[PDB]
Amino acid sequence: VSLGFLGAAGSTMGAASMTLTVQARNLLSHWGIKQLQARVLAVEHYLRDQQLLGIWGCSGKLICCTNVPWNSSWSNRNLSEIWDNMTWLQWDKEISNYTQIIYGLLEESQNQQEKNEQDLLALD
Amino acid sequence: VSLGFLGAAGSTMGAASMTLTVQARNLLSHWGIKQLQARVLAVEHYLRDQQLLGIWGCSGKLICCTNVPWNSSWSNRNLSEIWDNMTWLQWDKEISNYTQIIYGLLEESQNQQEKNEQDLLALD
Amino acid sequence: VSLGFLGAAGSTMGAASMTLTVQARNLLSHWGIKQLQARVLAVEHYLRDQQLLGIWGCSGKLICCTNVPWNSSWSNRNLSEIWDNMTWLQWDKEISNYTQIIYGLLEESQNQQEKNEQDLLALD
Amino acid sequence: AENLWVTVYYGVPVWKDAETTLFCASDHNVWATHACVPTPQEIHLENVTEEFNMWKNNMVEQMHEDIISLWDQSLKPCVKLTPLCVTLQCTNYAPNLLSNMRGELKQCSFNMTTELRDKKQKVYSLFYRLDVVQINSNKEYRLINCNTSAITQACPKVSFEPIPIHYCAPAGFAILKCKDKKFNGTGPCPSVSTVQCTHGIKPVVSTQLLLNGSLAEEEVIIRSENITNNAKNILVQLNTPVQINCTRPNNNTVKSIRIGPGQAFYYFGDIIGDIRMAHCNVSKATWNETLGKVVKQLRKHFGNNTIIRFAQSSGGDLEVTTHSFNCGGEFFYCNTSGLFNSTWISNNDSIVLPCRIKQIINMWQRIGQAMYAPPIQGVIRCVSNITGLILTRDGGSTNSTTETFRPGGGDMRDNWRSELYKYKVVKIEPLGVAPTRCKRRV
Amino acid sequence: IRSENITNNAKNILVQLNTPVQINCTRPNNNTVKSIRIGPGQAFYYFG
Amino acid sequence: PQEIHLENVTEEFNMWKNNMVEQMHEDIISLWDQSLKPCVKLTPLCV
Ligand SMILES: *[C@@H]1O[C@H](CO)[C@@H](O[C@@H]2O[C@H](CO)[C@@H](O[C@@H]3O[C@H](CO[C@H]4O[C@H](CO)[C@@H](O)[C@H](O[C@H]5O[C@H](CO)[C@@H](O)[C@H](O)[C@@H]5O)[C@@H]4O)[C@@H](O)[C@H](O[C@H]4O[C@H](CO)[C@@H](O)[C@H](O)[C@@H]4O[C@H]4O[C@H](CO)[C@@H](O)[C@H](O)[C@@H]4O)[C@@H]3O)[C@H](O)[C@H]2NC(C)=O)[C@H](O)[C@H]1NC(C)=O
Ligand SMILES: *[C@@H]1O[C@H](CO)[C@@H](O[C@@H]2O[C@H](CO)[C@@H](O[C@@H]3O[C@H](CO)[C@@H](O)[C@H](O)[C@@H]3O)[C@H](O)[C@H]2NC(C)=O)[C@H](O)[C@H]1NC(C)=O
Ligand SMILES: *[C@@H]1O[C@H](CO)[C@@H](O[C@@H]2O[C@H](CO)[C@@H](O[C@@H]3O[C@H](CO)[C@@H](O)[C@H](O)[C@@H]3O)[C@H](O)[C@H]2NC(C)=O)[C@H](O)[C@H]1NC(C)=O
Ligand SMILES: *[C@@H]1O[C@H](CO)[C@@H](O[C@@H]2O[C@H](CO)[C@@H](O)[C@H](O)[C@H]2NC(C)=O)[C@H](O)[C@H]1NC(C)=O
Ligand SMILES: *[C@@H]1O[C@H](CO)[C@@H](O[C@@H]2O[C@H](CO)[C@@H](O)[C@H](O)[C@H]2NC(C)=O)[C@H](O)[C@H]1NC(C)=O
Ligand SMILES: *[C@@H]1O[C@H](CO)[C@@H](O[C@@H]2O[C@H](CO)[C@@H](O)[C@H](O)[C@H]2NC(C)=O)[C@H](O)[C@H]1NC(C)=O
Ligand SMILES: *[C@@H]1O[C@H](CO)[C@@H](O[C@@H]2O[C@H](CO)[C@@H](O)[C@H](O)[C@H]2NC(C)=O)[C@H](O)[C@H]1NC(C)=O
Ligand SMILES: *[C@@H]1O[C@H](CO)[C@@H](O[C@@H]2O[C@H](CO)[C@@H](O)[C@H](O)[C@H]2NC(C)=O)[C@H](O)[C@H]1NC(C)=O
Ligand SMILES: *[C@@H]1O[C@H](CO)[C@@H](O)[C@H](O)[C@H]1NC(C)=O
Ligand SMILES: *[C@@H]1O[C@H](CO)[C@@H](O)[C@H](O)[C@H]1NC(C)=O
Ligand SMILES: *[C@@H]1O[C@H](CO)[C@@H](O)[C@H](O)[C@H]1NC(C)=O
Ligand SMILES: *[C@@H]1O[C@H](CO)[C@@H](O)[C@H](O)[C@H]1NC(C)=O
Ligand SMILES: *[C@@H]1O[C@H](CO)[C@@H](O)[C@H](O)[C@H]1NC(C)=O
Ligand SMILES: *[C@@H]1O[C@H](CO)[C@@H](O)[C@H](O)[C@H]1NC(C)=O
Ligand SMILES: *[C@@H]1O[C@H](CO)[C@@H](O)[C@H](O)[C@H]1NC(C)=O
Ligand SMILES: *[C@@H]1O[C@H](CO)[C@@H](O)[C@H](O)[C@H]1NC(C)=O
Ligand SMILES: *[C@@H]1O[C@H](CO)[C@@H](O)[C@H](O)[C@H]1NC(C)=O
Ligand SMILES: *[C@@H]1O[C@H](CO)[C@@H](O)[C@H](O)[C@H]1NC(C)=O
Ligand SMILES: *[C@@H]1O[C@H](CO)[C@@H](O)[C@H](O)[C@H]1NC(C)=O
Ligand SMILES: *[C@@H]1O[C@H](CO)[C@@H](O)[C@H](O)[C@H]1NC(C)=O
Ligand SMILES: *[C@@H]1O[C@H](CO)[C@@H](O)[C@H](O)[C@H]1NC(C)=O
Ligand SMILES: *[C@@H]1O[C@H](CO)[C@@H](O)[C@H](O)[C@H]1NC(C)=O
Ligand SMILES: *[C@@H]1O[C@H](CO)[C@@H](O)[C@H](O)[C@H]1NC(C)=O
Ligand SMILES: *[C@@H]1O[C@H](CO)[C@@H](O)[C@H](O)[C@H]1NC(C)=O
Ligand SMILES: *[C@@H]1O[C@H](CO)[C@@H](O)[C@H](O)[C@H]1NC(C)=O
Ligand SMILES: *[C@@H]1O[C@H](CO)[C@@H](O)[C@H](O)[C@H]1NC(C)=O
């Protein structure tokens, strides 16, 4: 059964990954300025992360996969002690300093390395 | 030849399905408030149905296909007596009560059932 | 190294094609009307070309490929004298009269010819 | 492989000419910087040519509208000074004086309502000559601009110094910047660069000279469109600034009165000290050397030997025929007839300038309104830089060797064409079409 | 003829013609006008 | 209504530094004097 909006906020990442869409579907749901300064402000907040997820080669899906190594110098945990016990709120802290690094080299490298290939393959 | 905007509005569904794009291309084409209360109101009406069509796994295409059974208890017609004689305006009536049911179980089930699979397949 | 915004504006098309994403990432970055008449005006300028690129069957990618013949009556150059010497600014001139023709028959033909096929293939 | 097909490309560096709006960037109150967004990061370009064209920019048309709206709304909540247009009984102040300043400084007396509408009030005050007019023992004067316009008083706490601002472009646009040393008005520029938004722009208001402005490179530059045609203006720009000092040496007191419920009115008091006349100095030798430099640059369009002569202004209202600016809150009108004297053939002290002061002002020529300006207690001093002059020529017959120059201008738009010349708005279009040998799958 | 319900006399009746019949209307006096200044900068016209 | 209950999650609340009180404090006084704009101005009474 659907818990509702932000229902799995205290549950395990592996359990929260089962239900993702309910968090997405509620995202776009003189005094007239205040009813337009807020209505416009919802839009590009949606559009920024939509465009950022588009440039990572996997705009359509939700569970995207890419080939970039993790390099455990950033954080050093095992597979079990991530996906069984802690939640996403604890996960946000240890990642919060590597974000611009991760957002960079995922973006600038991989889709530029990809589009060389089908340009050469469909040539032949 | 292109009939124009809403040209096939009285024709057969099978004939109207031949031309779909012309209906899509015209979709985004003190007194300044009225020229912005309307200009903003076009946007999320586009963005809502864009996001709804995105979450159904087939954002890119137009003629999407999914594996959900029809369950003829909703309506009981022939493959021939749908795609040969009536138009979409008659089709809107008998479907208008099942819409929230169809929008639900298409969405909540299938793409959640899909993303389990490539998570397990690309594991191995 | 990244040259920056509009860095390859004088370089070869073959060299400018190496770096495309930096031009894309900077695209969405009483007196309150002027801070909203401009903020809204950025949006549909993004949304128009996003929707136009969506209807050409290749919304996700950047280096799209289609099967439409070039028909050298439009312009008559070889492969080498396009991709080695001139820049895009010189390229804009000789194409500027065929644009509505190219935007038409790419759009109206091909994705309509495509969607007939998987409708018939997945039938069987 | 020979049968080429078509591909598209997203995010391609190409642009077009188009013109949209701008907005602030800036870091008690002034006219401008009440509430808009706080603020370099330029990017170099190379071997890209571009045809700039000033005098046809649309950035100058937008800001010229955005000043006068910004000027007007910062005057609305102040006091409406309607009940002052009464009959004035008035005589000359400081009689039997043998100096220059005689016909100014009239002392008047009028009535004015107090907070109680049944009581009235008598007051003594002073006014300059250029704002009172007799109507047909003392005589009977009235104000200069009452039969046409309802006059208002500025709020006395807000001020009028210039604050540097930046004009900044929204997303989906860019600003080009020519980085050439010598550059006339219209032509290509081989060294461009993209800047998100520009350097500081001081919105000084002035006629017949240019104050507080940016310099140029090592040689002075003349600029116009078609110098053959005598109808347009001529922009010149200097490299070494010349200084002027201006003052207004007499001492002043101010007083207060209450015309109605809550409202307040200020007026001019009296003179403690010595009746003097406000003036402006300039260093004599470096001004002569500056004129001798600018005539050498001017001779490149008129052969070697033609007689060059400077002359005074022609006519028009006080706005143009004299030099006018604001030093620190009170408004000046200086004669500057002593700076466009003797001609030129191929083979420690200073200059004084008389300068009068006016209170009631209609800048921007708009009918129906006019503003007041309250006096300032204490003496006033200003230093500045003169960077650039406004010249125009005259006609003449075919056989002529004397080609004259008179300092004109007056049209306020050229005060910003001297500063916003090296910029051009532009629009990015990220979708392009080009062929290759690719062919998609089935 | 167009209305909402002819049996009910509460509503209105809209009729529409095909051939327009003309109408002329005029007023033949001459009427000089004058002017006066009411306050500072304002103006008032009246009948002469 | 239509509330949604949560579980297991903690949060460090902090009143006296809330930003919701700053906004509504302005939204009273702007809505207060706006209702006196069309009413009668009582200037000629100070007699
Ligand atoms: C081209 O550019 C040049 C750049 O220099 C411009 O030249 C300057 O223009 C400004 C315009 O604002 C002139 O400023 C004015 O200067 C007056 C003189 O002040 C000086 O002397 C006093 C003597 O005691 C000093 O105290 C001052 O020092 C102050 O600043 C230093 C900074 O180092 C501090 O350390 C000090 O503690 C002081 O804070 C100056 O050296 C000055 O009086 C005047 O300010 C008055 O007016 C403003 C607005 O009303 C008030 O905010 C301010 O408090 C003063 O208030 C007067 O009026 C109020 C009204 O209520 C009264 O109540 C007060 O009693 C008082 O009478 C102003 O700041 C500057 O002199 C000038 N020159 C130089 C060399 O900087 C050109 O103008 C420009 N050309 C243009 C625009 O055309
Ligand atoms: C400034 O205005 C001047 C004055 O008219 C313009 O220069 C003129 O440009 C025209 C170009 O059509 C010249 O006409 C040509 O004249 C020759 C004979 O000299 C004739 O054989 C050609 O067929 C053509 O008609 C004209 O001579 C020239 N005037 C002068 C005095 O040289 C010009 O348009 C403006 N801009 C500048 C000079 O940058
Ligand atoms: C305009 O107003 C008249 C008011 O009379 C409306 O006509 C009425 O419509 C009703 C339908 O509900 C008729 O009732 C029926 O009458 C028959 C015969 O009496 C009876 O057998 C049925 O069981 C039913 O009761 C009513 O008779 C009829 N009135 C008349 C005079 O014909 C009409 O509908 C209104 N039109 C519009 C456009 O509003
Ligand atoms: C425009 O500028 C580019 C980049 O600054 C120049 O690129 C050079 O291209 C030649 C090939 O013709 C190379 O041998 C050089 O190494 C490049 N210079 C670099 C990479 O710094 C180009 O020369 C310029 N265009 C013209 C026409 O000269
Ligand atoms: C103030 O208004 C009064 C009202 O008329 C003007 O002078 C009066 O003149 C009559 C007749 O000459 C005298 O009896 C009054 O004593 C005067 N009263 C005052 C207050 O002067 C007078 O012109 C106005 N005063 C000024 C300075 O304009
Ligand atoms: C407003 O008042 C001024 C000053 O009284 C008028 O200007 C003068 O008008 C007379 C009319 O005979 C001329 O003789 C003067 O030469 C004018 N003074 C100048 C030009 O400095 C002005 O005409 C009035 N405006 C109106 C009544 O509309
Ligand atoms: C500025 O100074 C000049 C220099 O005196 C003034 O010019 C005089 O104008 C009168 C007008 O009738 C002539 O009769 C004089 O001969 C002129 N003086 C000289 C020395 O020739 C001028 O009036 C002053 N004011 C303005 C506004 O230009
Ligand atoms: C809330 O916390 C509790 C305990 O901290 C979690 O415990 C679960 O309790 C249910 C009911 O007995 C068991 O079926 C689960 O196996 C327990 N999980 C664990 C990890 O012990 C619970 O997961 C948390 N979330 C919710 C929504 O109750
Ligand atoms: C990976 O981590 C190591 C650990 O020191 C670090 O030196 C390196 O820069 C990181 N990145 C890559 C791409 O190796
Ligand atoms: C968990 O991670 C630790 C390293 O921190 C590792 O030694 C251990 O083998 C992992 N797996 C467990 C406890 O099952
Ligand atoms: C993240 O960076 C901040 C910056 O000082 C530092 O204080 C914090 O400890 C860092 N946290 C982690 C988990 O690296
Ligand atoms: C078909 O609809 C009926 C009636 O609503 C429902 O009982 C049944 O579960 C449905 N079956 C399928 C396969 O959807
Ligand atoms: C169509 O459906 C009817 C029942 O609705 C069925 O009898 C018929 O065989 C089907 N095919 C035809 C005749 O259209
Ligand atoms: C749809 O539901 C409404 C609700 O009362 C009902 O009146 C109507 O008959 C229904 N139509 C169909 C086709 O089921
Ligand atoms: C291709 O170019 C030829 C050259 O004349 C022209 O006739 C033709 O219309 C063009 N288009 C097609 C689809 O052949
Ligand atoms: C370039 O194009 C010309 C036709 O304009 C052709 O003759 C030549 O073979 C092409 N290739 C070269 C010069 O390598
Ligand atoms: C494009 O069309 C315009 C329209 O007159 C024409 O002037 C221009 O020469 C054409 N350019 C090309 C490259 O076909
Ligand atoms: C500007 O300079 C260029 C280069 O010398 C010249 O071709 C052009 O005619 C000049 N224009 C003017 C108005 O001086
Ligand atoms: C001006 O007048 C004031 C009034 O008290 C006096 O204090 C001051 O000394 C006078 N002179 C100057 C130069 O300010
Ligand atoms: C003008 O005033 C400045 C103020 O510093 C002074 O240095 C200079 O000597 C004065 N005179 C001239 C002619 O510049
Ligand atoms: C101005 O400067 C020149 C220097 O070229 C000098 O010869 C002349 O005597 C100076 N004075 C005048 C009034 O020209
Ligand atoms: C004017 O004289 C200078 C002297 O240096 C000379 O170089 C130049 O060519 C002359 N110009 C004209 C237009 O005669
Ligand atoms: C120029 O200077 C001379 C010096 O005697 C003076 O007589 C003459 O009036 C001046 N002319 C102008 C227009 O300033
Ligand atoms: C005038 O220019 C000089 C040259 O740098 C500068 O030192 C001085 O501050 C300027 N005066 C101003 C900006 O008021
Ligand atoms: C309008 O005309 C139609 C067709 O004759 C008729 O059925 C209907 O009752 C009419 N309605 C009215 C209000 O006259
Ligand atoms: C009305 O009065 C004007 C005033 O000069 C006169 O010219 C005109 O002839 C009169 N009659 C008409 C019909 O306008």
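Going down the list, the protein sequences come from chains Q, C, J, K, G and R. So the first sequence is residues 518 to 546, 570 to 664, counted in the authors' numbering. So the second sequence is residues 518 to 546, 570 to 664, counted in the authors' numbering. So the third sequence is residues 518 to 546, 570 to 664, counted in the authors' numbering. So the fourth sequence is residues 31 to 57, 66 to 77, 81 to 140, 149 to 185, 187 to 309, 312 to 321, 321A, 322 to 398, 411 to 505, counted in the authors' numbering. So the fifth sequence is residues 272 to 309, 312 to 321, counted in the authors' numbering. For the sixth sequence, counting from 1, position 44 maps to 124 in the authors' numbering; every step adds exactly one. Quick reminder that beta carbons are idealized off the backbone N, C-alpha and C, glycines included.
7 Å Cβ shell around residue i - same chain, five flanking residues per side excluded
i                     : result
residue 380 (chain K) : 209, 210, 439
residue 586 (chain C) : 544, 545
Neighbourhood of residue i by C-beta distance below 8 Å, restricted to the same chain and skipping five residues each side
i                     : result
residue 302 (chain G) : 320, 321
residue 582 (chain Q) : 545
Proximal residues to residue i (C-beta, below 6 Å), its chain only, five neighbours per side dropped
i                     : result
residue 422 (chain K) : 180, 436
residue 598 (chain Q) : 604
residue 479 (chain K) : 101
residue 533 (chain C) : 525
residue 638 (chain C) : 614
Proximity test, residue i beta-carbon vs ligand 4 heavy atom, cut-off 7 Å
i                     : result
residue 527 (chain J) : yes
Any non-hydrogen atom of ligand 15 within 7 Å of residue i CB
i                     : result
residue 264 (chain K) : no
residue 611 (chain J) : yes
Any non-hydrogen atom of ligand 22 closer than 7 Å to residue i Cβ
i                     : result
residue 572 (chain C) : no
Residue i beta carbon near ligand 8 (any heavy atom closer than 7 Å)
i                     : result
residue 569 (chain C) : What the structure lacks is residue 569 (chain C): chain C is numbered 546, then 570, with the residues between left out.
Near ligand 21: residue i beta-carbon under 7 Å from a heavy atom
i                     : result
residue 393 (chain K) : yes
Contact test: residue i Cβ vs ligand 20 heavy atom, cutoff 7 Å
i                     : result
residue 334 (chain K) : yes
Heavy atom of ligand 6 within 7 Å of residue i beta-carbon
i                    : result
residue 59 (chain K) : There are no atomic positions for residue 59 (chain K) here, as chain K continues from 57 directly to 66.
Please list the residues of the stretch 520-531 of chain Q that have a C-beta atom closer than 9 Å to any C-beta atom in chain K, keeping them in chain order. none
Can you confirm whether the stretch 475-492 of chain K touches the stretch 248-257 of chain K when touching is taken to mean that 3 or more C-beta pairs between the two stretches lie within less than 8 Å? Three or more beta-carbon pairs drawn from the stretch 248-257 of chain K and the stretch 475-492 of chain K are found closer than 8 Å, and the two stretches are therefore classed as touching.
Looking at C-beta atoms only, is the number of pairs between the stretch 622-632 of chain J and the stretch 292-306 of chain G that lie closer than 8 Å three or more? no
For the stretch 571-595 of chain J, which residues have a beta carbon sitting closer than 8 Å to at least one beta carbon of chain K? 571, 574, 575, 577, 578, 579, 581, 582, 585, 586, 589, 592, 593
Residues from the stretch 97-124 of chain R in contact with chain K, defined by Cβ distance under 9 Å: 123, 124
Take every Cβ of the stretch 492-501 of chain K, pair it with every Cβ of the stretch 276-290 of chain K, and state whether three or more of those distances are shorter than 8 Å. With the cut-off at 8 Å, the stretch 492-501 of chain K and the stretch 276-290 of chain K do not touch.
Please write down, chain order preserved, every residue whose beta carbon lies under 6 Å from a heavy atom of ligand 7. K:372, K:373, K:386, K:388
Beta carbons nearer than 8 Å to chain G: which residues of the stretch 416-442 of chain K have them? Answer set for the stretch 416-442 of chain K: 431.
If the cut-off is 8 Å on Cβ atoms, which residues from the stretch 648-662 of chain Q count as contacting chain J, listed in chain order? 648, 651, 652, 655, 658, 659, 662
Under a criterion of Cβ closer than 5 Å to any non-hydrogen atom of ligand 17, which residues qualify, in chain order? J:634, J:637
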